[PDB]
Amino acid sequence: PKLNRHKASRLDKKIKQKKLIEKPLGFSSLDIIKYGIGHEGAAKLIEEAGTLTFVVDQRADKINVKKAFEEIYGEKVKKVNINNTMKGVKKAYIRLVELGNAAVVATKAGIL
Amino acid sequence: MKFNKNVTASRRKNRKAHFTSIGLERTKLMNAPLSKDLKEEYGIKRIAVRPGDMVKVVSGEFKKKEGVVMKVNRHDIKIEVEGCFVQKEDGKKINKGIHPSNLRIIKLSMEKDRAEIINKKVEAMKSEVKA
Amino acid sequence: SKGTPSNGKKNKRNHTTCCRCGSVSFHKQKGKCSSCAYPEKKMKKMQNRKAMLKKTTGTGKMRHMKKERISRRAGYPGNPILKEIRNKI
Amino acid sequence: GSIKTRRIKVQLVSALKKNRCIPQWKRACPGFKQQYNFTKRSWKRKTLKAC
Amino acid sequence: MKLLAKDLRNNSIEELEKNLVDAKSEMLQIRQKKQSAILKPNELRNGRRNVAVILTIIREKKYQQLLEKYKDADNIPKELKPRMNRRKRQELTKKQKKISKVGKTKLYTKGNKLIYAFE
RNA sequence: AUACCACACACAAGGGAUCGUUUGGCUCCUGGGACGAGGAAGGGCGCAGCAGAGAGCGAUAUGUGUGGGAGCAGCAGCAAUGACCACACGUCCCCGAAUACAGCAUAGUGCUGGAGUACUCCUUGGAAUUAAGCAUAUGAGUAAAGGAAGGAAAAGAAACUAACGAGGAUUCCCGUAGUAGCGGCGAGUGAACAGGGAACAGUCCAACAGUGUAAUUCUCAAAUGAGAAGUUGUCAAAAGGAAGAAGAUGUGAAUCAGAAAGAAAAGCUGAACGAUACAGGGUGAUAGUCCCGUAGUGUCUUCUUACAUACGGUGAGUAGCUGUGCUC
RNA sequence: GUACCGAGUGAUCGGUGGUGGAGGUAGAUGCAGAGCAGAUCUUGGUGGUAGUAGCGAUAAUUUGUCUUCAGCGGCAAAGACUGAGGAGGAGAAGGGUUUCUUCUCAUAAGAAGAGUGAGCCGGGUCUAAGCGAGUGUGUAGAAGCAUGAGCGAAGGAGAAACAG
Ligand SMILES: [Zn+2]
C-alpha cells in the first residue's frame with residue numbers, strides 16, 4: 001500500500017534483491033568504526049568512568065558496534081549508548097568490563 | 001579563399017575557440033620559432049617553449065635581452081624569462097610575463113622526454129614528404 | 001475582527017514534504033499532493049506551458065540518458081573481458 | 001519544539017551546514033570573482049518551511 | 001607503498017582478500033592521524049587509491065570465473081550480455097524480417113534486369 | 001541685504017547618461033530524432049588537505065585499459081616509478097511506475113505499467129468576438145480535457161473519374177477559383193475533374209493443399225526412440241555483393257633593418273620574398289611572410305543495400321430502407 | 001564631453017583651447033524598430049517643505065566605585081513595583097541554533113570552536129467517527145455506486161524506577 005510515510009523513523013523501505021556478484025567483505029568491522037575522539041571533554045570520561053567515545057557509520061547499530069570493538073581493539077564491553085548530533089555525526093560511547101583498561105587502549109591507539 | 005563549409009569564419013566563434021581551449025590545443029598556443037642554426041641541427045621549425053630553454057626577446061620593453069625560461073603560465077598565456085622584471089615602490093622586484101610569439105629559441109632544454117618529442121615530429125613529416 | 005487579531009490563531013500546518021517531488025505540498029488530511037498528485041500512478045496535469053517546462057527532462061542531471069548516447073556512438077562495445085559472448089550473440 | 005520526526009531533523013541539519021560565508025583563502029585565488037555568498041540566511045528574516 | 005595492477009594480477013582470489021584487510025586497517029590508522037595529530041596532505045590520497053585497485057582486480061577475476069562456466073551454454077545469465085537499450089534487445093533478427101511474403105513483388109525484382117545503353 | 005533668495009562662470013561633491021567594446025540573444029538553413037522492471041525522468045543526502053554556492057562524481061565518491069605527454073591558478077605538499085587531457089569500460093547510497101504487486105500469453109522463456117508528445121492519427125467539445133441590437137449563422141470542428149505511435153505519421157493500387165478521338169494507385173507543388181454553390185440569400189462562407197510538374201512499385205489472405213496414409217511445428221534423448229500441439233485442418237522455398245554515403249585525423253610556402261616619436265610598432269620609410277594558400281582568429285597601435293589556420297594533398301573507421309513453387313470471380317446483422325441526432 | 005568664437009530665416013553646421021585614450025567621416029544611391037514637454041505615461045536618480053513634525057500609555061529612581069573609553073555596562077549601598085487568576089517556575093503547537101566559551105565592534109552585528117547518551121519517559125501497537133489499493137459494475141476516458149487488503153489518536157486503551 002502507498003502512503004507518504006512522513007511519520008516513519010526508518011527512511012529505507014524496499015526489500016533488496018540478490019545479485020550475480022556480491023561485494024567482497026560486506027558491512028564489516030573496518031567500515032563501522034571511523035575514529036576515536038580525544039579532547040578535554042573526552043579525557044574526563046576515560047579518567048572517571050572507564051568509557052571511550054567514537055564516531056561511527058550512519059548505518060551502524062548497538063550490536064554491530066559491540067562486535068567491531070572487540071575485533072579491532074580487543075577489550076570486552078559492558079554497554080553502548082548512541083547519539084545522533086546536530087552536525088550530522090553518530091557518536092557511540094563504550095564502557096569497558098574493567099576500568100583502567102580504558103587508559104591502556106586509548107594510549108596504544110593514539111586517541112589520547 | 002576558403003572552400004570547405006565545415007570550418008567557421010565567424011569572429012564570435014573563432015574567439016571562443018581560442019580562450020576555451022584545453023589539453024593539446026592549449027599546448028599549441030605556447031609555440032615559438034627556432035633560430036636559423038637550430039633549423040639545421042633539427043628538422044623542426046617551431047616547438048613549445050619549456051623551462052630551462054634559452055630565448056632572445058625580439059619585441060617590447062626587453063628587446064635584445066637573452067635568458068633562461070623560469071616558468072610557463074598556461075591560464076594567462078605568458079612566459080617568465082630570467083632578468084626581465086620591474087621594481088615596486090618597496091624596491092621589491094616582480095617578473096613580467098612575455099607572450100610566446102615575441103620570443104625566439106637559441107638553445108633547447110633536453111631534459112626528460114624532449115628528445116622523443118622531437119623524434120616523433122620528424123618522422124610524421126618524412127612519412128608524407130617521401131610519398 | 002477579521003484582520004490583525006485573527007492572524008494570532010494561525011498555528012496549525014496542513015501541508016508537509018512530499019516524498020515523490022520535494023515540494024512541501026502533501027495535504028495530510030486529504031491524503032494527496034497538490035503539485036504531483038501522489039499517490040496516483042501518473043503525474044498531475046500542469047496548468048500551463050510556462051509552468052510545465054520548469055520540470056521537463058533536461059532540467060535535472062539526465063545521468064542514464066547521457067551514458068546511453070555515448071555507448072550508442074561507440075557501437076555498444078561492452079566489457080572487453082567478455083567479447084566472446086558478444087561476438088557469438 | 002523538542003518532539004521531532006526523523007524527516008524534519010535531517011532538514012534542519014542540512015539547513016545548518018549550508019549557512020556559512022566564503023572561506024577566507026578562496027578570495028586570494030586568481031580566477032575567483034565572488035564577493036559575498038548570497039545564499040546565507042538569518043532566522044529573523046526568513047522561514048525554512050520545515051514545518 | 002603504492003600497489004600496482006600488473007603485480008597483483010598474479011594472485012588468487014584468496015590472496016587478494018588477505019591484502020584487503022591490511023589496506024583497510026591502514027585506512028583506519030590514517031583517519032586517526034587526522035582527528036589526532038597532523039598528516040601530510042598526500043597520505044589520504046594514497047590510502048584510498050590502494051583499496052580501489054584491489055576491488056577493481058577482484059571484480060575482473062570473478063567475471064572470468066563466470067565466463068569459463070557459461071561460455072558455451074544455453075541460457076547465459078543476462079548480466080554477461082551487453083546492455084544496449086530496451087528496444088535493441090526486442091528487435092527482430094534480420095532473417096526473421098525477410099521471411100514474410102505479405103506484399104512482395106513478383107516481377108520488378110533486382111534479378112530481372114539487363115545491362116543496356118540508349119542511343 | 002553683511003549673512004536670505006535667484007542667475008552666470010571656475011574648483012570640489014552627487015549621480016550614472018553618452019561615445020568606444022562584447023566567450024550572450026534572435027532569425028533562416030542543414031543534420032539528428034538516440035528513455036524505462038538490466039529500475040527511467042524527477043527529487044533528497046553524502047564525497048576535497050585547508051571548501052559555503054555552483055560544477056563533477058557515488059562508501060571503488062580522480063579505479064582499469066588504450067592514444068598522447070609537463071605541469072597541478074592561492075598556501076602547503078606532489079609529479080618521466082607519469083602532472084594534465086581525450087576516448088571507451090568498471091563501480092553506481094536512499095525515495096520514486098516502486099512491485100515479495102496487478103492484469104495477461106506460451107511446451108517454455110515472458111510481456112504490459114511510468115516519462116515525453118513540436119510534428120502525425122483517434123475521441124470529446126466552448127465562450128469572448130462579427131452581424132453596428134439579437135435568438136439561426138459566425139469565430140470553429142478552433143481553444144481546453146482525454147487515448148496512442150514513429151523517426152516521420154496518416155494515406156494508397158478504383159463497388160474511380162468522364163462523356164473526349166477520353167483517361168488510369170497514394171502523397172506533394174503550380175492551377176481550375178474567391179468559381180459552381182451554401183447562406184435571417186444578411187453578415188459571411190466555399191470544393192472537384194482537366195491542363196503543366198516532383199517522385200514512382202505493386203502484392204497478400206479467405207472462398208480453394210498430396211488421402212497408396214499430417215508429408216507440419218516444438219521438447220528430450222539418441223544415432224535412432226519417447227512425448228506435447230494439431231483432422232473444429234497444420235504445411236505453398238535460396239545463398240549471395242560491390243558500390244554508395246557520412247565522419248574522424250596527418251601534412252602543409254614565404255622578413256629583415258632604420259631617423260623622429262611612443263609604455264609598447266605590426267604604423268610610417270627603404271630594401272627584399274611566397275601564392276592552387278590575401279577566408280578568418282591571436283600577438284603591448286592598423287601583420288600574406290611572429291603564432292593558430294587556409295588552398296592543395298594523404299590515411300583510417302563506421303553505416304546502407306541484393307535471385308525460386310499452388311490459385312479466382314458470392315468476404316451479411318453487411319449493403320439498403322423508415323424514423324431520429326450531428327455533420328458537409 | 002565642456003567653455004568660447006564664426007556661418008544659416010530656420011531645422012542645424014564649422015573651427016579654437018583644456019579633458020579623453022582608440023577609432024572616424026565627405027559625395028551619390030539602398031533598407032528602416034528613424035526626431036518628444038505633456039499620456040493620474042514606464043524605469044532609475046534627486047529637490048523644496050525641514051534640522052521641522054515627531055521619537056515619553058505602563059512600576060521610578062538616586063549615590064559611590066571600577067571598567068568602558070566613554071554603554072543609567074558591571075558591582076556595592078538605598079528607594080520602589082508585579083503581590084501565588086504574578087511582570088514567578090515549567091510543558092504543547094509554532095520557531096530552528098536563537099543555548100555555552102573566546103575574540104572583535106560591525107553590535108537585536110559578526111567570526112571561530114564546543115554542546116542533546118534510555119529494556120522501565122514518549123513514538124513505532126489497538127481500535128473511534130471516517131478514508132481507501134485491488135476486484136465487480138459503469139464511462140470515449142473520467143466521476144459515481146457495491147464489496148474490501150491496508151490506514152486512522154506524541155491529551156482515549158496501552159508489561160516494568162526511584163532517591164542522592
Ligand atoms: Zn508531490
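Ideal geometry is used to build each Cβ from the backbone, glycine not excepted, and the neighbour counts take in all protein chains shown. Each reported figure results from applying straightforward, stated rules to the coordinates on display, with no laboratory input.
Note the angle between two axes, namely the Cα long axis of helix B:114-129 and the longest principal axis of the Cα atoms of chain B, as a number of degrees from 0 to 90, rounded to the nearest 10. The angle comes out near 30 degrees.
Across the options B:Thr20, E:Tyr63, A:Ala106, the greatest Cα extent toward the positive end of the charge dipole of the protein assembly as shown (unit charges at beta carbon of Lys, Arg, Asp, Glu) belongs to B:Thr20. Among the listed pairs A:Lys34/C:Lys55; A:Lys14/D:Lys9; D:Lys4/D:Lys44; A:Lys66/A:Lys87, those whose Cα-Cα separation exceeds 28 Å are A:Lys34/C:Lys55. A prolate overall shape is assigned to segment A:50-112, the ratio a/c of its alpha-carbon gyration tensor axes (a ≥ b ≥ c) being 1.5 or greater and a/b exceeding b/c. Modelled spin labels at E:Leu39 and B:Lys16, positioned 7 Å past Cα toward Cβ, are 4.2 nm from each other. Annotation: amide H of C:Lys32 within the under-5 Å range of C:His27, sequence separation 5 or more or interchain, hydrogens built in the peptide plane. In a reduced charge model with +1 at each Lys and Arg Cβ and -1 at each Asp and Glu Cβ, segment A:7-52 shows a dipole moment near 740 debye about its Cα centre. Using alpha carbons only, how many angstrom separate the centre of segment C:1-36 from the centre of segment B:75-100? A separation of 64 Å, based on Cα centres. On the principal axes of its alpha-carbon atoms, segment E:1-111 has extents of 89, 30, 22 Å, going from largest to smallest.
In a reduced charge model with +1 at each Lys and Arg Cβ and -1 at each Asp and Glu Cβ, chain B shows a dipole moment near 780 debye about its Cα centre. Say we join alpha carbon atoms closer than 10 Å with springs in a Gaussian network model of chain C; which of C:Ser23, C:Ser35, C:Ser71 then has the biggest fluctuation? Highest fluctuation among the options: C:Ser71. Cα axis of helix C:63-74 to longest principal axis of chain C: angle in degrees, 0 to 90, nearest 10? Long axis of C:63-74 versus the principal axis of chain C: about 20 degrees.
Given the options E:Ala5, E:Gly111, E:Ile76, identify the residue whose Cα lies farthest towards the positive end of the charge dipole of chain E (+1 on Cβ of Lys, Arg; -1 on Cβ of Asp, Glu). After comparing all options, I get E:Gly111.
Charge tally for B:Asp37 (other residues, Cβ to Cβ under 14 Å; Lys, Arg +1; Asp, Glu -1): +4. Inter-part distance, segment E:67-119 to segment D:9-33, computed on C-alpha centroids, equals 58 Å.
Only helical runs count toward this figure. For chain E, summing -39,500 (n - 2.57) over DSSP H runs of n ≥ 4 and dividing by all residues gives -15000 deg cm²/dmol at 222 nm. Assign one of three labels to chain B, namely rounded, prolate or oblate, based on the Cα gyration tensor with a ≥ b ≥ c the square roots of its eigenvalues; rounded applies when a/c is under 1.5, prolate when it is not and a/b is larger than b/c, and oblate otherwise. Oblate is the answer for chain B, as a/c is 1.5 or above yet b/c matches or exceeds a/b.
If you take the square roots of the eigenvalues of the alpha-carbon gyration tensor of segment A:1-91 and sort them as a ≥ b ≥ c, do you get rounded (a/c under 1.5), prolate (a/b over b/c) or oblate? Because a/c hits 1.5 or more and a/b fails to exceed b/c, segment A:1-91 counts as oblate.
With contributions of -39500 (n - 2.57) from each DSSP H run of at least four residues, the per-residue ellipticity at 222 nm computed over chain C stands at -7000 deg cm²/dmol. Segment B:104-131 and segment A:34-112 have Cα centres lying 63 Å from one another. When you filter the trypsin sites (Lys or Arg not before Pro) in segment E:1-75 for DSSP loop state and at most 12 other Cβ atoms inside 10 Å of their Cβ, you are left with E:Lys2, E:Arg9. Neighbours of A:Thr107 by Cβ distance under 14 Å: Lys/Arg scored +1, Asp/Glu scored -1, total -1. Computed with the Debye formula from one identical point scatterer per Cα of the protein assembly as shown, without solvent, the log10 of I(q)/I(0) at q = 0.09, 0.11 Å⁻¹ comes to -1.27, -1.39. Mean residue ellipticity, 222 nm, helices only, chain A: the sum of -39500 (n - 2.57) across DSSP H runs of n ≥ 4, divided by residue count and rounded to 500, is -7500 deg cm²/dmol. Taken about its Cα centre, chain D carries a charge dipole of about 160 debye when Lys and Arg each add +1 at the Cβ and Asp and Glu each add -1 at the Cβ.
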